[PDB]
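# A closer look at the structure
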Amino acid sequence: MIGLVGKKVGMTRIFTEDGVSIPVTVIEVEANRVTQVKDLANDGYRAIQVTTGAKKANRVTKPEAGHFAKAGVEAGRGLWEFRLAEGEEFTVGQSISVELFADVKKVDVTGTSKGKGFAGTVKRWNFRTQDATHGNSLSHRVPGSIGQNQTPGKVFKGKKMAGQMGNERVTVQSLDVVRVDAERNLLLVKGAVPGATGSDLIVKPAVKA
Amino acid sequence: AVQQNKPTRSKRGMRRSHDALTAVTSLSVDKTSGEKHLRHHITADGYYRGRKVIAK
Amino acid sequence: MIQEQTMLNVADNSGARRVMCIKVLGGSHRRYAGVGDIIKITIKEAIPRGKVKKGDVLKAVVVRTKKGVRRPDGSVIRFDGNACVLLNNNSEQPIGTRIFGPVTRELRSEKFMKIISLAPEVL
Amino acid sequence: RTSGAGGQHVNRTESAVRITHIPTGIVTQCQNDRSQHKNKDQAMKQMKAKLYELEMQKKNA
Amino acid sequence: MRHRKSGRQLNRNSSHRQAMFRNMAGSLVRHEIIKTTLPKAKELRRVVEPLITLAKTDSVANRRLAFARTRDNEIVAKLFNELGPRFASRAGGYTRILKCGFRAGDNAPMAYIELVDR
Amino acid sequence: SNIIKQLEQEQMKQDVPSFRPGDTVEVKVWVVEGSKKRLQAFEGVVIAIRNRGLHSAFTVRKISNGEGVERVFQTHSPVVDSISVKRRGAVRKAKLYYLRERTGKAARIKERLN
RNA sequence: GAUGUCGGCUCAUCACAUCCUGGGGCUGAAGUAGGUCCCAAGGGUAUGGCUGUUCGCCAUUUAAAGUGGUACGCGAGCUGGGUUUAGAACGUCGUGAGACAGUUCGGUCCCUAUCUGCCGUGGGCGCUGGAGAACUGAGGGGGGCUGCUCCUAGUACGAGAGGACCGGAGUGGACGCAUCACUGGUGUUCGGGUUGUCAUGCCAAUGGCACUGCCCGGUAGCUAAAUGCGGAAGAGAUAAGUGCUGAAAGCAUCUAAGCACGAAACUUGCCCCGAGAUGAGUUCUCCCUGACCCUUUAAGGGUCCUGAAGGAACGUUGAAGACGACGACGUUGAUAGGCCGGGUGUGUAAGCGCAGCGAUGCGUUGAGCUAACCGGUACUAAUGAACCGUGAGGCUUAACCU
RNA sequence: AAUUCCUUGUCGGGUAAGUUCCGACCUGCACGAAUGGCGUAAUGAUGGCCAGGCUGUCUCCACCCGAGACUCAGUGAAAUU
RNA sequence: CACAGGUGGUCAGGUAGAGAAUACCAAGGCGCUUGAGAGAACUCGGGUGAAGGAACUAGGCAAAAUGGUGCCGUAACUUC
RNA sequence: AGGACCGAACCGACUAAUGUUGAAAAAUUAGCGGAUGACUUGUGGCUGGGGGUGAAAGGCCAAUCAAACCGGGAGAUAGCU
Ligand SMILES: [K+]
Ligand SMILES: [K+]
Ligand SMILES: [K+]
Ligand SMILES: [K+]
Ligand SMILES: [K+]
Ligand SMILES: [K+]
Ligand SMILES: [K+]
Ligand SMILES: [K+]
Ligand SMILES: [K+]
Ligand SMILES: [K+]
Ligand SMILES: [K+]
Ligand SMILES: [K+]
Ligand SMILES: [K+]
Ligand SMILES: [K+]
Ligand SMILES: [K+]
Ligand SMILES: [K+]
Ligand SMILES: [K+]
Ligand SMILES: [K+]
Ligand SMILES: [K+]
Ligand SMILES: [K+]
Ligand SMILES: [K+]
Ligand SMILES: [K+]
Ligand SMILES: [K+]
Ligand SMILES: [K+]
Ligand SMILES: [Mg+2]
Ligand SMILES: [Mg+2]
Ligand SMILES: [Mg+2]
Ligand SMILES: [Mg+2]
Ligand SMILES: [Mg+2]
Ligand SMILES: [Mg+2]
Ligand SMILES: [Mg+2]
Ligand SMILES: [Mg+2]
Ligand SMILES: [Mg+2]
Ligand SMILES: [Mg+2]
Ligand SMILES: [Mg+2]
Ligand SMILES: [Mg+2]
Ligand SMILES: [Mg+2]
Ligand SMILES: [Mg+2]
Ligand SMILES: [Mg+2]
Ligand SMILES: [Mg+2]
Ligand SMILES: [Mg+2]
Ligand SMILES: [Mg+2]
Ligand SMILES: [Mg+2]
Ligand SMILES: [Mg+2]
Ligand SMILES: [Mg+2]
Ligand SMILES: [Mg+2]
Ligand SMILES: [Mg+2]
Ligand SMILES: [Mg+2]
Ligand SMILES: [Mg+2]
Ligand SMILES: [Mg+2]
Ligand SMILES: [Mg+2]
Ligand SMILES: [Mg+2]
Ligand SMILES: [Mg+2]
Ligand SMILES: [Mg+2]
Ligand SMILES: [Mg+2]
Ligand SMILES: [Mg+2]
Ligand SMILES: [Mg+2]
Ligand SMILES: [Mg+2]
Ligand SMILES: [Mg+2]
Ligand SMILES: [Mg+2]
Ligand SMILES: [Mg+2]
Ligand SMILES: [Mg+2]
Ligand SMILES: [Mg+2]
Ligand SMILES: [Mg+2]
Ligand SMILES: [Mg+2]
Ligand SMILES: [Mg+2]
Ligand SMILES: [Mg+2]
Ligand SMILES: [Mg+2]
Ligand SMILES: [Mg+2]
Ligand SMILES: [Mg+2]
Ligand SMILES: [Mg+2]
Ligand SMILES: [Mg+2]
Ligand SMILES: [Mg+2]
Ligand SMILES: [Mg+2]
Ligand SMILES: [Mg+2]
Ligand SMILES: [Mg+2]
Ligand SMILES: [Mg+2]
Ligand SMILES: [Mg+2]
Ligand SMILES: [Mg+2]
Ligand SMILES: [Mg+2]
Ligand SMILES: [Mg+2]
Ligand SMILES: [Mg+2]
Ligand SMILES: [Mg+2]
Ligand SMILES: [Mg+2]
Ligand SMILES: [Mg+2]
Ligand SMILES: [Mg+2]
Ligand SMILES: [Mg+2]
Ligand SMILES: [Mg+2]
Ligand SMILES: [Mg+2]
Ligand SMILES: [Mg+2]
Ligand SMILES: [Mg+2]
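Residues numbered from 1 in each chain as written, not as in the entry; some residues may be left out. Chains lettered and ligands numbered in written order. Part of a larger assembly, values for the part shown. Heavy atoms only, no water.

Structure determination for the deposited model, as stated in its record, used cryo-EM, and the stated resolution is 2.77 Å.

Have a look at this one:
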């Protein structure tokens, strides 16, 4: 099934009547409007493009404005695509609400994880720090060795080194759908999802199941 | 660590290919005094956006 | 949160006063043992006429920790000391006949029913 | 490697020999000589002597 | 990482920062316009403007608090006698910053910061 | 934001009594064993209160059978059936963590007699 | 005219002669549990006592604690216990200086990375008019572990003792990803206590300095010990192996023709990168429809006029960030500060009154203060402009209108 | 044994586990009496071993405060080739 | 070298303090001849740290800890 | 009284880190030892190279020591590069 685009509102807890606290992430899933439908004849694959939210009229460029006007929908804050199974069918301008998840038990949530900046090997790859005492010289958090001797005489590709960490697309799979509140456009899922507060999330039905 | 071979003037120029300065794109003209100034900065005469902000 | 070299008090009357964890049983590279976990202990101090002697190696079940246990609603129960109950190497049944101090609900299993029954108070 | 090995050669070479008799568990070991072959021969002689001495101890008992 | 943090370190320790901003607040109150670096002016906003908001209400406790923040009775008196009444109706933003080029000695970005009713 | 605040308001309890650190309180909590469900009382001194709306909590310390036991209750948890203040204590701190090093007479807390 | 060395540490990478998990054959395989060989390298594959140790023995675990290569991998990554200078001593040898694959105590480990390599992050041009988006997926990378309990079932098997295959469920260990609702850490930017001293004329109240003077709490953020999730199922083709039909060879025969099964290995399935994929792809949308002059006369050069879509620059900035970059916003505005209200933390300010000889207590009072939080609010700063980017986009051949 | 090769000798103590330590034994490779023998209170920035306390030494690292590293302006090296 | 070194004698305020220690000050003298930003890894110098508490390592290296005055009390052994 | 005790100046230099093209051709920081003595320090003097001096390390004798430095023999010699 297709997914929806939402916004990470924050984290809450749900107290069940049997004394269990469920940590939930709240995703504000407002209506997603279909701005384009792609098919085999014209595009070679079946997918729907959707938008959500609102945008400044003076910050929507003319190409974007024309693309939205052809669909007949208000300009959203972005465009996302969802592949279609052979049974699913939508029409341009159709609106999809969080009611789509009314009978879904588990979802996959994809978002851009928090950015940690240039991170060291200890933080990025869980390398073990060397000794803090016992004569260690300026080598407390350094990587250590990065290869063998003359053979091969090089460093292998994919070597774990320090560098940019976070700020990348991350998918968390098989999160329970705690609650679907259609009137408040809310999806309460169990657990933590990637991204900071106010970030865009893509919620799909769980692919593993 | 130090070079095993002396780098060339070609390689030196290639490295310095990114060292070029960028001139200021354009100067703003004050609506009252007509003086040119950096955008969002006061003029040399103490004007900003047509108003005499600092005397002298 | 008990690991190797951790000193624990004894919550029963087996005769031991201080024991030391020498292995957290139940998995390769396993680090910590919480309440309801079985550890291998050596006896560091014992009373003169006890059922166990200093230097013995046997098992024990951790019944109280300073780190504490966490309940499903987020609550946490903490104690002021780490205390365990001694157990045979083979049967893993309690050695003593009395249990001292409170224990937690985490022992509510068919394996530790004797401890649950003998405990003065279950939290 | 033998204990207290002095020099690159000795630090690198595997000269010390230890022989364990699986049925009995008796172990002999020799590292006096530079040559692993000489050490192995001496350890074999000591192992033979120890097995014979074990049998002799049984006979004496 | 400094996610959601606030406050510029300005390559100083905490006590030096506090003393420098106390002095700079005193100078700004005294002269009503000063020339500093742009980061220092942007940080001085968050020190000076609460002082004027405090001075809006005149009481012994507020005067003592203003003295503690800015240890000079001249600055305290000027605050509570002129700047409070001057800025009584104004909600906030008692200061404005005008970027004014670069310092000759070290090419530091410079800015005037002044009281808005000066 | 407003959304999370609404989601928490519709869950918060309404009859939580006022208590301050140093008060002796009895907390009756639901204990479920097998199929029978009863109430167990935990009585002791409140040494810490964390006011966080729905996420509010409080720590109660007692001396049970010769051992010191601290329990951190989530205030709006359904498992906390009831809270009652048995005695009002007179302290000057928000967190009475120094009581962990005191026993017997040294751990006495003066009563707030008003 | 110098290739630093044992062990350890950090980080590894490959082989298979496989230690565990997977599949099989035979068994002197009843079951359980083994033995032995064959296939299989996806993942996994201890912590301590002694010793400089490698090794080894020992203790206690584990599904298992594999064997190897990599300058016996790795000192321009660390160490420096061993070894390996100069001091000293013992045993022993020598008349002696001295010496010992004898021992003992002590004894400087440099290098700012040019190139390749690797981890990240940009600029340029290209992709054939320019531009803004959304994609496709050639290709590449990640991941791949396993215990225990229960049901099947005390069933099959067994004289008993004991005790399954196959299949199903639950709950753990280690590892990884994310996140901060909780539990905590931190929190020299918030509150308080207090010691010495100095200053604000003094009292009172504050400030400075003493590691934040010492402490006790603690917001936001970051974070683990905290809590969510993952390894799969399925599919294809197979390995060892098992077969069906089947002659050569009237029988037999898994094979020669033909057909079917068969594993953590392979190709997918899951996650991420990904059109510089120069083989530069696709889709949607937006913009530009002037004149004139020369030459060597063409994908030629000018001249004037025109300057679009969009971009960049500048400014306010950001859970974005070394700098770039990326995101939000620029008055038709909540981007930042301030302000307002709330929350949170601290714990009842000051001043005044009362009680007390006084320290101090009580009342005003849950008071006062309150960072990064939440909800609002144009008070301040985000200026009109200017800048770059053009003027309908080559040839040939097809198909269609023409 | 600052001396013992065999050797991690053997036995005892300490430890869950002790090639080190302490007490013995004597089979002294290769102790020994002023190149002194064996004791020895006190002393030692002396060697070895053990315990309590204490702890980021470690399980296993996290956050914070400063000085660098990074960017801008000015001045402006070096080995090596 | 306008160099975190070396360099003999004399003078000796206040408060606390045994003190020429140490903290804060007086008289007096200085802010150390590159600055401005930012708030990555990593290095250095510090602060704090749940549970554990030497498991680290050649070795408790380093750190943490102890720390004053008065009084009580104090073992083997000893050359008393 | 004391080659007595604690501890500044003073004299030293046991541990670690930093620094190692250093702030420094031996230091800084935190600790550490002695601190009325075989103590420490100023000024001047004396001992000279196979010589001095040495509570002895082949230590020291002007950043030089199993034989100082300067000049000379001297273009020593070099079956070696
Ligand atoms: K200058
Ligand atoms: K196998
Ligand atoms: K088999
Ligand atoms: K394998
Ligand atoms: K050995
Ligand atoms: K290997
Ligand atoms: K080598
Ligand atoms: K090298
Ligand atoms: K090269
Ligand atoms: K948290
Ligand atoms: K926090
Ligand atoms: K004070
Ligand atoms: K057949
Ligand atoms: K392209
Ligand atoms: K605002
Ligand atoms: K009061
Ligand atoms: K008051
Ligand atoms: K309050
Ligand atoms: K000897
Ligand atoms: K003699
Ligand atoms: K004698
Ligand atoms: K000693
Ligand atoms: K001082
Ligand atoms: K001489
Ligand atoms: Mg970030
Ligand atoms: Mg060094
Ligand atoms: Mg270091
Ligand atoms: Mg090669
Ligand atoms: Mg450059
Ligand atoms: Mg030799
Ligand atoms: Mg902010
Ligand atoms: Mg600076
Ligand atoms: Mg200070
Ligand atoms: Mg060479
Ligand atoms: Mg094989
Ligand atoms: Mg492979
Ligand atoms: Mg596979
Ligand atoms: Mg081992
Ligand atoms: Mg050892
Ligand atoms: Mg080899
Ligand atoms: Mg190796
Ligand atoms: Mg090697
Ligand atoms: Mg190397
Ligand atoms: Mg050494
Ligand atoms: Mg010698
Ligand atoms: Mg030494
Ligand atoms: Mg090095
Ligand atoms: Mg970046
Ligand atoms: Mg792979
Ligand atoms: Mg929060
Ligand atoms: Mg806390
Ligand atoms: Mg703190
Ligand atoms: Mg404070
Ligand atoms: Mg006073
Ligand atoms: Mg002062
Ligand atoms: Mg001072
Ligand atoms: Mg046939
Ligand atoms: Mg598996
Ligand atoms: Mg409050
Ligand atoms: Mg106060
Ligand atoms: Mg023994
Ligand atoms: Mg030990
Ligand atoms: Mg002995
Ligand atoms: Mg002798
Ligand atoms: Mg003699
Ligand atoms: Mg003698
Ligand atoms: Mg001495
Ligand atoms: Mg520069
Ligand atoms: Mg200078
Ligand atoms: Mg000087
Ligand atoms: Mg920093
Ligand atoms: Mg540090
Ligand atoms: Mg500390
Ligand atoms: Mg700790
Ligand atoms: Mg603690
Ligand atoms: Mg302890
Ligand atoms: Mg150890
Ligand atoms: Mg170890
Ligand atoms: Mg030490
Ligand atoms: Mg210390
Ligand atoms: Mg003396
Ligand atoms: Mg002394
Ligand atoms: Mg001197
Ligand atoms: Mg000396
Ligand atoms: Mg010193
Ligand atoms: Mg002494
Ligand atoms: Mg000598
Ligand atoms: Mg000299
Ligand atoms: Mg001579
Ligand atoms: Mg001659
Ligand atoms: Mg010559």
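## Considering the overall build of chain B
Scanning chain B from terminus to terminus reveals one helix and four strands. Its helices and strands in sequence order give chain B the pattern α-β-β-β-β, from N to C terminus. The C-alpha radius of gyration of chain B comes to 22 Å, more than 25% above the 10 Å expected for a compact globule of 56 residues. For the C-alpha atoms alone, the extent of chain B along its principal axes is close to 60 × 20 × 15 Å. Within chain B, contacts between residues separated by at least 24 positions form 0% of all contacts whose residues are at least 6 apart in sequence. For chain B, the exposed surface amounts to about 5,200 Å²; the carbon and sulfur share of it is 50%. One way to put it: in chain B the 13 positive side-chain charges average out to a point 13 Å from where the 4 negative ones average out. (Helix = DSSP H or I, 4+ residues; strand = E, 2+ residues; numbered from the N terminus. Rg over C-alpha atoms; globule rule 2.2 N^0.38 Å. Contact = heavy atoms within 4.5 Å. Areas by Shrake-Rupley, 256 points an atom, 1.4 Å probe, with all protein chains shown as cover. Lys, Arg positive; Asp, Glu negative; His and termini not counted. Charge placed at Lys NZ, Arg CZ, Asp CG, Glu CD.)

## Some thoughts on the sheet that holds strand β4 (residues 67-74) of chain F
Note: strands within a sheet are paired through backbone hydrogen bonds, in either parallel or antiparallel orientation. Spatial ordering of the open sheet is given by β5(C)-β6(C)-β4(F)-β3(F)-β2(F)-β1(F)-β5(F), a layout of seven strands whose pairing is antiparallel. Either end of the sheet is taken by a strand with one partner, and the two such strands are β5 (69-70) of chain C together with β5 (80-87) of chain F. Sheet topology note: the strand β2 (residues 36-50) of chain F/strand β3 (residues 57-64) of chain F ladder contains five bridges and is antiparallel. Opposite F:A48, over in β3(F), you have F:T59 as the bridge partner. (Pairing = 2+ DSSP bridges.)

## A word on the pairing of strand β2 (residues 27-30) of chain D
All names here are of chain D. Only one face of β2 is covered, namely the face carrying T28 and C30; the face carrying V27 and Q29 is uncovered. Relative to β2, strand β1 (residues 17-20) runs antiparallel, the two sharing four bridges. Counterpart to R18 in the pairing with β2 is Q29. What sits between β1 and β2 in their antiparallel hairpin is a turn of six residues, with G25 showing a positive phi close to 85°. (Buried < 20%, exposed > 50% of the residue type's maximum accessible area, 1.4 Å probe, protein only.)

## Re the layout of surface pockets
Taken as a whole, the largest pocket encloses approximately 390 Å³ of empty space. What lines the largest pocket is a set of 18 residues, and nearest its centre among them are A:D18, F:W30, F:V31, F:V32 and F:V79. Residue assignment for the lining of the largest pocket shows that the elements contributing at least two residues are β1 (24-33) and β2 of chain F. If you tally residues by element for the lining of the largest pocket, the top one is β1(F), at three residues. For the lining of the largest pocket, a count of residues per class yields eight nonpolar, three polar and seven charged. (1 Å grid on protein atoms, 1.4 Å probe; cavity = no way out; pocket = protein on both sides within 12 Å on 5 of 7 lines; lining within 4 Å. Points joined across faces, edges and corners; volume = space filled by probe spheres on them. Nonpolar A, V, L, I, M, F, W, Y, C, P; charged D, E, K, R; others polar.)

## Regarding a positive patch on the surface
Together, B:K6, B:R9, B:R12, B:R15 and B:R16 make up a positively charged patch on the protein surface. Counting through the fold element by element, B:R15 comes out in helix α1 (residues 9-15). (Patch = residues over 30% accessible without salt bridge, like charges linked within 9 Å, V, L, I, M, F, W, Y side chains within 5 Å. Salt bridge = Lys/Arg side-chain N within 4 Å of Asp/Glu carboxyl O.)

## With respect to the sheet that holds strand β3 (residues 109-115) of chain E
Residue and element names in this part refer to chain E. Taken together, three strands build an open sheet; the order of strands is β1-β3-β2 and the sheet is antiparallel. In this open sheet, the two strands that pair with only one neighbour each are β1 (33-37) and β2 (95-102). Between one strand axis and the next, the sheet turns through 25° on average, direction left out of account. Judged from the six bridges that link them, β2 and β3 form a sheet pairing that is antiparallel. (Axes fitted to C-alpha atoms, helices over the stretch in contact; angles between N-to-C directions.)

## Observations concerning the interface of chain C and chain F
Taken together, the contact between chain C and chain F spans 18 residues of the former and 21 residues of the latter. Carbon and sulfur atoms make up 43% of the area that chain C and chain F hide from each other, which totals about 1,500 Å². At the junction of chain C and chain F, the tally comes to four salt bridges. Salt-bridge contacts for F:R61 lead to C:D80; the nearest nitrogen and oxygen are separated by 2.6 Å. For the pair chain C and chain F, the interface holds eight residue pairs in polar contact. Per-element tally for the side of chain C that touches chain F: the top contributor is strand β6 (residues 76-79) of chain C, with four residues. Looking at the side of chain C that touches chain F residue by residue, the classes come out as seven nonpolar, three polar and eight charged. In this sheet, β4(F) lies alongside β6(C) in antiparallel orientation, the contact comprising four bridges. Its bridge partner lying in β4(F), C:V76 is registered against F:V72. (Buried area = accessible area lost by both parts, 1.4 Å probe. Polar contact = N/O pair within 3.5 Å; in protein donor to acceptor, adjacent residues only side chain to side chain.)

## Topic: the packing of aromatic side chains
Applying the stated criterion across every chain yields a total of four aromatic pairs over all chains. Between E:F87 and E:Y94, the aromatic rings sit 5.3 Å apart at their centres with planes inclined by 50°, giving tilted as the arrangement. Each member of the pair, E:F87 together with E:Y94, is buried. A connected cluster of aromatic rings, assembled from ring pairs, spans F:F19, F:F42, F:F58 and F:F73. One cation-aromatic arrangement involves F:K37 over F:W30; the distance from NZ or CZ to the ring centre is 4.6 Å. (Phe/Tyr/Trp six-rings, centres within 6.5 Å; stacked < 30°, edge-to-face > 60°. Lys NZ or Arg CZ within 6 Å of the ring centre and 35° of its normal.)

## So, the interface of chain E and chain B
Contacts between the two partners involve ten residues from chain E and, on the opposite side, eight residues from chain B. Carbon and sulfur atoms supply 66% of the area that chain E and chain B bury against each other, a total of about 680 Å² over both sides. Taken together, chain E and chain B are joined by three residue pairs in polar contact. Elements that contribute at least two residues to the side of chain E that touches chain B include exactly β2 and β3 of chain E. Per-element tally for the side of chain E that touches chain B: the top contributor is β2(E), with six residues. Class assignment of the residues belonging to the side of chain E that touches chain B gives a composition of five nonpolar, one polar and four charged.

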